[PDB]
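A.B. asks: From first to last, the protein sequence lines stand for chains 1a, 1H, 1r, 1q, 1B, 1I and 1D. Just so you know, the first sequence maps onto residues 1 to 70 in the deposited numbering. Just so you know, the second sequence maps onto residues 1 to 193, 219 to 318 in the deposited numbering. Just so you know, the third sequence maps onto residues 1 to 55 in the deposited numbering. Just so you know, the fourth sequence maps onto residues 50 to 145 in the deposited numbering. Just so you know, the fifth sequence maps onto residues 25 to 179 in the deposited numbering. Just so you know, the sixth sequence maps onto residues 1 to 176 in the deposited numbering. Just so you know, the seventh sequence maps onto residues 74 to 430 in the deposited numbering. Beta carbons: idealized from backbone N, C-alpha and C, even for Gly.
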Amino acid sequence: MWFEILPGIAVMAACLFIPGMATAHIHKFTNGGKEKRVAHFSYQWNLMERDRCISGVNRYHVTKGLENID
Amino acid sequence: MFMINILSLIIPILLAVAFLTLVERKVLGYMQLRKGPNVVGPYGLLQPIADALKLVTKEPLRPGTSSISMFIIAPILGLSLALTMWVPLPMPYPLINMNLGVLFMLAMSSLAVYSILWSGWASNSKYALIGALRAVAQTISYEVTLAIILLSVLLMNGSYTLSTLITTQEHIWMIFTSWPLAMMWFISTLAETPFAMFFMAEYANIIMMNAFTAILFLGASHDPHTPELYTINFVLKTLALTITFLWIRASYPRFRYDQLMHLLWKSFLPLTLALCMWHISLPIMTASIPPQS
Amino acid sequence: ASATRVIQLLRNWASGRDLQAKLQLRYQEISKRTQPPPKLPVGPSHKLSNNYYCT
Amino acid sequence: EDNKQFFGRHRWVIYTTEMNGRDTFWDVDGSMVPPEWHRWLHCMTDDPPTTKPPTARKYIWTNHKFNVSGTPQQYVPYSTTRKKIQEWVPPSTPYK
Amino acid sequence: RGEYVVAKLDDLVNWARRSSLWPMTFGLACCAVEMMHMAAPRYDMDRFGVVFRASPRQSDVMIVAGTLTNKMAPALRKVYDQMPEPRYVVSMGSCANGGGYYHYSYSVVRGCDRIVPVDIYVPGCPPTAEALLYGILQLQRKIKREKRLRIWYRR
Amino acid sequence: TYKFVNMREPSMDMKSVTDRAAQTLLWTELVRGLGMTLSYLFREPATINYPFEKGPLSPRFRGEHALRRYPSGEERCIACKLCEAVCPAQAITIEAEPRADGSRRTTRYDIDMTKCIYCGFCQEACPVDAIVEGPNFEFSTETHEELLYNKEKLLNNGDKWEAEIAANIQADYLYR
Amino acid sequence: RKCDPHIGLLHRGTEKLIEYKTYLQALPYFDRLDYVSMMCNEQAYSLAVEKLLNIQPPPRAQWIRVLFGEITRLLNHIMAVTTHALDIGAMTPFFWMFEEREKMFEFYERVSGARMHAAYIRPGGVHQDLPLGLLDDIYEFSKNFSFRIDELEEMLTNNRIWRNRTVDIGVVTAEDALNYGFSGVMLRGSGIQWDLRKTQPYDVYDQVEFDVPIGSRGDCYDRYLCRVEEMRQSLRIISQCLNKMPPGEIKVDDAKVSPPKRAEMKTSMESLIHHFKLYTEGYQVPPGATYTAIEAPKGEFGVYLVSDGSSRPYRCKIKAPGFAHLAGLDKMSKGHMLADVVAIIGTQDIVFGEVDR
Ligand SMILES: CCCCCCCCCCCCCCCCCC(=O)OC[C@H](COP(=O)([O-])OCC[N+](C)(C)C)OC(=O)CCCCCCCCCCCCCCCCC
Ligand code: SF4
Ligand code: SF4
Ligand code: SF4
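1) Is there at least one Cβ from chain 1D nearer than 7 Å to residue 211 (chain 1H)'s Cβ?
2) For residue 14 (chain 1D) and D78 (chain 1q), I'd like the C-alpha separation in whole angstroms.
3) Alpha carbon to alpha carbon, how far is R279 (chain 1H) from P135 (chain 1I)?
4) At a Cβ threshold of 7 Å, is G81 (chain 1D) touching chain 1B?
5) On the CB-based measure, 16 or more other CB atoms within 10 Å of its CB, does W45 (chain 1a) come out buried or exposed?
6) Less than 7 Å between C-beta atoms, sequence neighbours within five positions excluded: which residues of the same chain meet that for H87 (chain 1q)?
7) Alpha carbon to alpha carbon, what distance is there between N237 (chain 1D) and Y282 (chain 1H)?
8) Classify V146 (chain 1B): buried if its beta carbon has 16 or more other beta carbons within 10 angstroms, exposed otherwise.
9) Note down, in chain order, every chain 1B residue with its Cβ under 8 Å from the Cβ of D78 (chain 1q).
10) Checking contacts by CB at 7 Å: is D51 (chain 1H) closer than that to chain 1D?
11) Closest to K26 (chain 1H) by C-alpha separation, out of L47 (chain 1a), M1 (chain 1a), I18 (chain 1a) and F29 (chain 1a), would be which residue?
12) Looking at ligand 1, does it come within less than 6 Å of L288 (chain 1H), judged from the CB to the closest heavy atom?
13) What are the complete alpha helix (DSSP H) segments, minimum 4 residues, inside the segment 94-131 of chain 1D?
14) In this structure, does DSSP put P386 (chain 1D) in helix, strand or coil?
15) Where does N38 (chain 1B) land, buried or exposed, given buried means 16+ other C-beta within 10 angstroms?
16) If the cut is a Cβ gap below 8 Å, which residues of chain 1q does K32 (chain 1r) touch?
17) Nearest to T238 (chain 1H) by alpha carbon, out of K35 (chain 1H), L154 (chain 1H), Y114 (chain 1H) and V17 (chain 1H)?
18) Looking at ligand 1, does it come within less than 6 Å of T24 (chain 1I), judged from the CB to the closest heavy atom?
19) Taking 7 Å as the CB-CB cut-off, is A275 (chain 1H) touching chain 1D?
20) Following a CB-centred definition, is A53 (chain 1B) positioned closer than 6 Å to any heavy atom of ligand 2?
21) Anything in the segment 4-38 of chain 1r with a Cβ closer than 7 Å to a Cβ of chain 1q? List those residues in chain order, please.
22) How would you label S406 (chain 1D), buried or exposed, when you count the other beta carbons within 10 angstroms and need 16 or more for buried?
23) If contacts are defined as beta-carbon pairs under 8 Å, then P286 (chain 1D) and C113 (chain 1D) qualify, I think. What distance do you get, rounded to the angstrom?
24) Quick one: what's got a C-beta closer than 6 Å to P204 (chain 1D)'s C-beta in the same chain, skipping five residues either side?
25) Measuring alpha carbon to alpha carbon, tell me which of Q98 (chain 1D), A393 (chain 1D), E373 (chain 1D) and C314 (chain 1D) ends up nearest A91 (chain 1I).
26) So for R62 (chain 1I), helix, strand or coil by DSSP?
27) Among residues of its own chain, excluding the 5 on either side of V142 (chain 1B), which ones have a beta-carbon nearer than 6 Å to its beta-carbon?
28) Check the Cβ-Cβ distances between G86 (chain 1D) and every residue of chain 1B, and say whether any is below 7 Å.
29) If you measure from the beta carbon of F220 (chain 1D) to each beta carbon in chain 1r, is any gap under 7 Å?
30) From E88 (chain 1D) to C389 (chain 1D), what does the alpha carbon distance come to, in whole angstroms?
31) Report yes if the C-beta of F121 (chain 1I) is less than 6 Å from at least one heavy atom of ligand 3; otherwise report no.
32) Just to confirm, does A91 (chain 1I) get its C-beta within under 6 Å of one of the non-hydrogen atoms of ligand 3?
33) Note down, in chain order, all residues in the segment 22-52 of chain 1I with a beta-carbon under 7 Å from any beta-carbon belonging to chain 1r.
34) Among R105 (chain 1D), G197 (chain 1D), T420 (chain 1D) and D381 (chain 1D), which residue has its Cα nearest to the Cα of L399 (chain 1D)?
35) Tell me, which residues are paired with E49 (chain 1a) by DSSP?
36) Mind listing the chain 1I neighbours of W45 (chain 1a)? Cutoff is C-beta to C-beta under 9 Å, in chain order.
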């Protein structure tokens with residue numbers, strides 16, 4: 001019957017699904033919460049380098065808000 | 001862990017390349033009153049394993065008049081390409097957010113012609129020589145329609161950054177603004193697409234072309250917090266397109282070469298130019314030029 | 001036959017033709033496979049008189 | 050047996066596990082069907098042996114055999130006739 | 025034990041080889057169009073999964089169907105040479121099996137055997153669809169009972 | 001009585017040319033092709049499961065041959081040699097002999113199964129219904145020698161396929 | 074520029090072994106001649122032999138011959154178009170229609186007992202009777218057959234890619250075609266108003282109503298249209314045939330040409346003697362030389378049979394329709410691109426069974 005196609009499509013749908021979910025989840029992980037900041041222009045990149053420098057632990061995703069300044 | 005993410009893409013795509021074949025045969029089967037693979041495992045679930053390990057156990061005969069060096073690097077490029085354009089896809093968040101992703105996709109996908117060109121030359125047979133010649137001219141004819149469609153599409157997008165496509169569509173599917181181009185684009189994708222490899226190379230091209238068409242024309246809403254929404258929508262859209270891609274595989278007599286060139290250069294290229302002219306002035310026409318940044 | 005109404009109106013619309021009127025395969029429209037005994041007819045020469053093969 | 054299935058699929062089977070000293074759990078062929086039911090299964094009639102068994106006769110096999118090719122029990126042909134031009138029998142004696 | 029491992033690897037390999045054939049069909053005579061009738065939906069010779077054309081190099085079993093005349097004698101033998109191992113041929117029909125209805129003709133080799141070695145002899149004139157599909161199943165079981173890896177370890 | 005198959009001309013009114021331009025610019029007859037096979041996709045398949053069920057046959061089916069015997073167990077063959085004479089591929093070779101009892105039946109009966117053509121002339125030639133083709137068709141082999149039948153194998157099949165032969169000939173002796 | 078075909082790759086000594094087999098043994102060769110259509114070849118051989126024998130079949134036999142003659146026409150025309158469809162691509166009509174051929178094979182199975190090579194039509198009529206309930210299934214399939222053929226047309230008639238690959242690609246003019254010995258679809262495709270069933274109605278074809286689908290232009294698309302309308306114009310013939318099936322004996326009442334009934338054989342001696350002699354040497358055909366041709370489903374199939382005056386044919390030459398058709402392969406493949414040649418043989422409708430003899 002025509003619905004026997006679905007077991008065929010379902011597994012590859014999972015096979016196609018895994019790359020998307022894995023990339024999003026590892027982005028959340030290796031960047032610790034906030035997604036991987038995107039630097040399409042030198043302005044965003046030097047922003048990121050400022051974040052890495054200001055973190056003091058060489059991790060751009062570490063953010064120091066109002067508790068840092070005096 | 002970034003390396004793990006690559007294997008978390010290449011292998012499942014490789015399996016995805018492996019596993020839609022049973023979808024093809026059973027869709028193509030059930031279409032013609034047939035059943036498709038259903039005796040090997042439940043509903044042919046194990047049919048892909050039934051063929052792959054058989055193929056790797058089959059000895060790869062090599063023609064006597066074959067240049068081994070080219071005969072083994074042409075599949076190397078063919079697989080290397082077929083698993084490389086999967087990397088910049090804006091699927092939730094792309095592995096590589098290249099600011100020129102569309103250009104990179106085109107340059108590296110247009111490189112696939114070398115594999116078939118080398119295969120025909122390295123094989124060194126009368127059949128292989130013409131077949132390579134026919135395949136390449138059919139292919140090299142069709143980037144000009146590919147490039148113009150994508151170029152003219154991207155005027156209302158904003159840039160070649162593939163991630164920006166999601167922001168552009170958001171409200172409506174982008175087909176509603178360029179549906180004359182969608183049929184223009186979709187048809188051109190059909191024709192552009219050792220022997221054990223060549224299954225994998227063109228086949229990832231088949232799904233990725235539809236994945237590429239999915240993001241381009243039928244976008245989705247990417248919620249910043251929950252990414253699974255875009256994952257399901259992207260997969261569902263690229264499945265419907267691929268089913269259509271095989272829907273037409275067994276629904277038309279195959280094109281003949283003289284019409285194949287005639288169809289493009291006399292009925293596809295001139296109309297593609299007009300639509301590009303329509304979509305280059307219309308953002309200017311309505312003061313709706315998009316932001317690149 | 002089996003196929004529900006929802007699948008039916010999909011296949012009628014996609015084809016544009018009423019396929020349920022006649023199917024390409026037979027559910028119960030055939031002759032019963034075994035048949036009652038027959039009685040074959042006779043011909044123009046199964047007579048005993050003026051059937052001389054010479055004429 | 051069914052009537053809802055279409056013609057050619059209305060009557061069907063799954064096979065036994067043991068067939069004359071041969072396990073049958075994965076492999077299947079069409080020759081284990083006994084003749085009495087071979088008529089009913091192939092839709093050649095409509096009276097199963099339960100309803101209409103075959104006429105009992107001595108020479109009819111009491112145990113149907115499936116196809117045997119590829120096994121130590123094969124078939125091997127041979128001349129069924131008798132020897133002709135029989136070699137002249139020589140006597141022995143010592144000699145003359 | 026290494027004997028157990030070679031047995032499992034034997035079973036794993038041929039299970040594919042008994043489920044993924046590709047028939048290079050030799051369309052010659054009424055037995056050949058009868059094959060395509062098997063690939064028709066009524067019997068579905070593609071559900072087990074062997075493609076109807078399969079091309080020359082993309083093929084495993086060559087179904088010799090039809091009368092084999094000396095006209096085609098060298099063409100098939102050169103084709104059988106190009107068929108990569110493991111390669112099997114199933115002689116279909118009385119004409120291809122021994123000659124059939126043209127055994128005494130001047131322009132036909134009596135049986136496809138005299139040209140190539142055959143694994144399965146399916147009889148018929150023409151053989152009924154399943155009668156050859158059963159023969160394919162017979163070749164399927166013939167692949168189940170091979171000792172390729174087992175013989176290598178034994179040597 | 002003859003009927004033209006291509007003499008229609010396309011009307012040049014605005015409606016028809018609009019139909020033609022709409023037909024090609026945005027493909028419709030091709031989309032109609034998609035719709036037809038889609039309806040075919042949402043339809044039951046006609047593919048039977050072999051050998052779990054097979055296509056229907058008829059009582060007149062001609063397949064693997066088998067000699068028969070009388071209810072007494074006495075063979076039907078009388079070595080009248082009719083089947084050999086009519087056998088169009090000369091697959092019948094038989095030799096008779098004055099059997100010791102006095103019934104004098106055949107000594108040899110070899111059917112060259114790979115020469116036979118399953119034409120069914122042999123059964124209709126026999127005046128005592130000795131040689132018949134059983135409904136079996138799955139009797140393939142891996143050896144040429146297996147196909148070449150003989151009197152013993154023919155008798156064995158008659159002992160094996162007897163329910164079908166008796167029943168099929170019972171459903172057919174009025175027909176032929 | 075060159076279109077000389079290398080043929081004989083199937084050739085068997087058909088005529089040579091016909092010279093040594095008796096007429097009854099000669100019959101199965103024609104079933105094996107065209108490996109696309111079986112039964113309509115028996116019509117040609119049978120019609121020739123009865124004409125020499127000066128024996129006509131009973132009216133019951135005549136209608137069964139035409140009924141199975143038409144189902145053969147469907148059978149050949151399904152295979153011809155579907156194989157035409159396959160070589161271009163378009164595998165779906167190939168599968169969908171081949172499902173229906175299974176029904177007609179079962180019809181062949183029910184009457185003759187064999188799937189393809191029926192050997193059902195013999196000099197003097199049909200050997201076996203029509204099984205009870207057979208014509209109802211013919212009515213069942215025929216009623217549903219038209220619906221399938223519209224599905225073929227719906228996918229195929231207006232398809233631009235098929236049409237464009239089959240319009241004006243391969244074309245032969247009226248005088249070149251008719252001079253080349255063409256027949257069947259090609260004369261009708263070129264516009265020639267000729268058809269053996271209408272001009273010289275053999276058997277019972279005089280008492281039936283149908284039309285001959287001829288067309289203009291002469292290219293292969295119209296030949297494709299000619300076959301399709303033949304399907305419908307065939308379907309009306311079976312519709313009238315099973316509506317007007319007369320009651321009578323299946324074979325001639327002449328025991329010297331028709332073997333007696335089995336009951337007669339085992340009861341009356343002259344039945345036993347005649348069957349004995351009919352199955353040792355058979356009837357002796359009086360000397361003569363007739364070329365009888367019929368409207369074969371693919372063309373005009375004829376046999377030129379000379380009779381020695383004994384129980385064997387002196388020489389029987391087969392007029393293979395494809396043999397004349399393939400002879401013109403040069404003419405209908407002149408100038409067109411290489412990719413279209415397979416289309417030409419697709420519309421040339423060459424089966425290797427009879428062109429290679
Ligand atoms: C204010 C409005 C501004 C914009 C207006 C734009 C113009 C109006 C609309 C024009 C027509 C529609 C757009 C162009 C379409 C193509 C035009 C063309 O050349 O057509 C004729 C062309 C050529 O037709 P032809 O060759 O028969 O005739 C062309 C004309 N001559 C004879 C002179 C050469 O059609 C094709 O090429 C047929 C299809 C080929 C591919 C086969 C598969 C088709 C599958 C279809 C179903 C799937 C569709 C998927 C769509 C996408 C989904 C994501
Ligand atoms: S065995 Fe019979 S059906 Fe097969 S090719 Fe030979 S003659 Fe034709
Ligand atoms: S069916 Fe076979 S054995 Fe019988 S007469 Fe014909 S060729 Fe000879
Ligand atoms: S099988 Fe019949 S025809 Fe042949 S020799 Fe025996 S009795 Fe005579």
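C.D. replies: Judging by the given coordinates:
1) Coordinates for residue 211 (chain 1H) are simply not present: the residues of chain 1H run from 193 and resume at 219.
2) Residue 14 (chain 1D) cannot be examined here, being either before or after the span of chain 1D that is shown, 74 to 430.
3) Numbered from 1 along the second sequence, position 254 holds the residue referred to as residue 279 (chain 1H). Numbered from 1 along the sixth sequence, position 135 holds the residue referred to as residue 135 (chain 1I). When rounded, the distance between both Cα atoms is 43 Å.
4) Here residue 81 (chain 1D) corresponds to residue number 8 of the seventh sequence, with the count starting at 1. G81 (chain 1D) counts as touching chain 1B.
5) Along the first sequence, read from residue 1 onward, the residue named residue 45 (chain 1a) stands at position 45. Flag for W45 (chain 1a) reads exposed.
6) One-based indexing of the fourth sequence puts residue 87 (chain 1q) at position 38. Closer than 7 Å at Cβ, skipping near neighbours: no residue.
7) Position 257 of the second sequence, counted from the first residue, corresponds to residue 282 (chain 1H). Position 164 of the seventh sequence, counted from the first residue, corresponds to residue 237 (chain 1D). Computed Cα separation, rounded: 12 Å.
8) If you number the fifth sequence from 1, residue 146 (chain 1B) lands on position 122. By the 16-neighbour rule on beta-carbons within 10 angstroms, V146 (chain 1B) is buried.
9) For the purposes of this step, residue 78 (chain 1q) is identified with residue 29 of the fourth sequence, where counting begins at 1. By Cβ distance, chain 1B contributes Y158, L161, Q162 and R165.
10) As a first step, residue 51 (chain 1H) must be located in the second sequence, where it is residue number 51. Interface annotation, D51 (chain 1H): not in contact with chain 1D, CB-CB separation never under 7 Å.
11) Here the question's residue 26 (chain 1H) lines up with position 26 in the second sequence. Cα-wise, what sits closest to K26 (chain 1H) is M1 (chain 1a).
12) As a first step, residue 288 (chain 1H) must be located in the second sequence, where it is residue number 263. Yes, Cβ of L288 (chain 1H) sits closer than 6 Å to a heavy atom of ligand 1.
13) Counting only runs of 4 or more, we get 96-106 and 112-126.
14) By 1-based counting over the seventh sequence, the position of residue 386 (chain 1D) is 313. Strand at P386 (chain 1D).
15) Along the fifth sequence, read from residue 1 onward, the residue named residue 38 (chain 1B) stands at position 14. Taking all protein chains in view, the Cβ of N38 (chain 1B) is crowded by 16 or more other Cβ atoms within 10 Å, so the residue is classified as buried.
16) As a first step, residue 32 (chain 1r) must be located in the third sequence, where it is residue number 32. Within chain 1q, the residues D95 have their CB atoms less than 8 Å from the CB of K32 (chain 1r), given in chain order.
17) One-based indexing of the second sequence puts residue 238 (chain 1H) at position 213. The residue among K35 (chain 1H), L154 (chain 1H), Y114 (chain 1H) and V17 (chain 1H) with its C-alpha nearest the C-alpha of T238 (chain 1H) is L154 (chain 1H).
18) Residue mapping note: residue 24 (chain 1I) aligns to position 24 of the sixth sequence, counting from 1. Yes, Cβ of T24 (chain 1I) sits closer than 6 Å to a heavy atom of ligand 1.
19) Reading the second sequence from its first residue, position 250 is the one you call residue 275 (chain 1H). Any Cβ of chain 1D closer than 7 Å to the Cβ of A275 (chain 1H) would place that residue at the interface, and such an atom is present.
20) Within the fifth sequence, the letter at position 29 stands for residue 53 (chain 1B). Yes, the beta carbon of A53 (chain 1B) sits closer than 6 Å to at least one heavy atom of ligand 2.
21) If the cut-off is 7 Å between Cβ atoms, the segment 4-38 of chain 1r has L25, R26, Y27, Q28, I30, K32, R33 and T34 near chain 1q.
22) Looking up residue 406 (chain 1D) in the seventh sequence gives position 333. Burial state of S406 (chain 1D) is buried, judged by a 10 Å Cβ sphere holding 16 or more other Cβ atoms.
23) Within the seventh sequence, the letter at position 213 stands for residue 286 (chain 1D). Within the seventh sequence, the letter at position 40 stands for residue 113 (chain 1D). Contact doesn't hold; Cβ gap of about 18 Å is too wide.
24) In the seventh sequence, residue 204 (chain 1D) corresponds to position 131, counting from 1. Result list for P204 (chain 1D): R183, in chain order.
25) The count along the sixth sequence starts at 1 and reaches residue 91 (chain 1I) at position 91. The shortest Cα separation from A91 (chain 1I) among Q98 (chain 1D), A393 (chain 1D), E373 (chain 1D) and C314 (chain 1D) belongs to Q98 (chain 1D).
26) Sequence index remark: in the sixth sequence, residue 62 (chain 1I) carries index 62 (1-based). When DSSP states are grouped into helix, strand and coil, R62 (chain 1I) belongs to the coil group.
27) Here residue 142 (chain 1B) corresponds to residue number 118 of the fifth sequence, with the count starting at 1. Closer than 6 Å at the Cβ level, and outside the excluded window around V142 (chain 1B), lie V113 and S115.
28) Your numbering for residue 86 (chain 1D) matches position 13 in the seventh sequence. It does: the Cβ of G86 (chain 1D) has a partner Cβ on chain 1B nearer than 7 Å.
29) Taking the first residue of the seventh sequence as 1, we reach residue 220 (chain 1D) at position 147. Using a CB distance cut-off of 7 Å, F220 (chain 1D) counts as an interface residue toward chain 1r.
30) Here residue 88 (chain 1D) refers to the residue found at position 15 when the seventh sequence is read from its first residue. Here residue 389 (chain 1D) refers to the residue found at position 316 when the seventh sequence is read from its first residue. Cα to Cα, the separation comes out at about 6 Å.
31) Start at 1 with the first residue of the sixth sequence, and residue 121 (chain 1I) comes out as number 121. The answer is yes for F121 (chain 1I).
32) The count along the sixth sequence starts at 1 and reaches residue 91 (chain 1I) at position 91. Answer for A91 (chain 1I): yes, Cβ within range of ligand 3.
33) Within the segment 22-52 of chain 1I, the qualifying residues are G35, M36, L38, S39, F42, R43, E44 and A46.
34) Taking the first residue of the seventh sequence as position 1, residue 399 (chain 1D) is located at position 326. Per the C-alpha coordinates, the member of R105 (chain 1D), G197 (chain 1D), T420 (chain 1D) and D381 (chain 1D) positioned closest to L399 (chain 1D) is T420 (chain 1D).
35) One-based indexing of the first sequence puts residue 49 (chain 1a) at position 49. Note: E49 (chain 1a) sits in no beta bridge, so no partner.
36) The residue labelled residue 45 (chain 1a) in the question sits at position 45 within the first sequence. None at all; the shortest Cβ gap to chain 1I is about 47 Å.
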